[PDB]
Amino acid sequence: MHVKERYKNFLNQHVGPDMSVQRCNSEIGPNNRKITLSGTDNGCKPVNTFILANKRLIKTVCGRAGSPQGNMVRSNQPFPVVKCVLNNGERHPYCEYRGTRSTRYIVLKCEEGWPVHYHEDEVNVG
C-alpha cells in the first residue's frame, strides 16, 4: 500500500477549498485535475465530489473528528461539498457534469490517519 501516494491522489480528486458547481467541468478536465474513470486513461468518472475545506481540517476526520462506518469513517461534523455528476460525454476533454452544492457528513477511507478515498453516493448518470 502506498498511503502517501493515495493521500495525494485524494487531495487531487476531492479537496477543493474554493470549488463551486460552475467549476465542475473545468476542474475535472485535463487543463486542471484531469480526474479520470478508474481503469481508463481518458474516461469520465460518473460522480466526483469536492470537499470545500482545507486538507488539514479534512484529515481530522481520520482522527478525533470522525467515527467508524464499516470499513470507512464518517465525519462528526458536516462539510460543504460540490457533487459533480456526469451528464454527457464519454471521454476527456468533454466530460460534462451537473453540480450540486450541499452540506454533508462525509464518509472516507482512512489509513493511519490519512484520508485515501471518498465514498460517493450511487448516481444515475447521463
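For every residue, the number given is its place in the sequence shown, counted from 1.
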2 to 10 or 117 to 125, whichever carries the higher mean Cα B-factor: 2 to 10
61 to 69 set against 45 to 53, stretch whose average Cα temperature factor tops the other in the entry: 61 to 69
With respect to the C-alpha temperature factors reported in the PDB entry, which of 93, 99, 39, 80 ranks highest? 99
Where does residue 20 sit by CA temperature factor within its chain: lowest, middle or highest third? middle
Could you say whether, by C-alpha temperature factor, residue 26 belongs to the lowest, middle or highest third of its chain? lowest
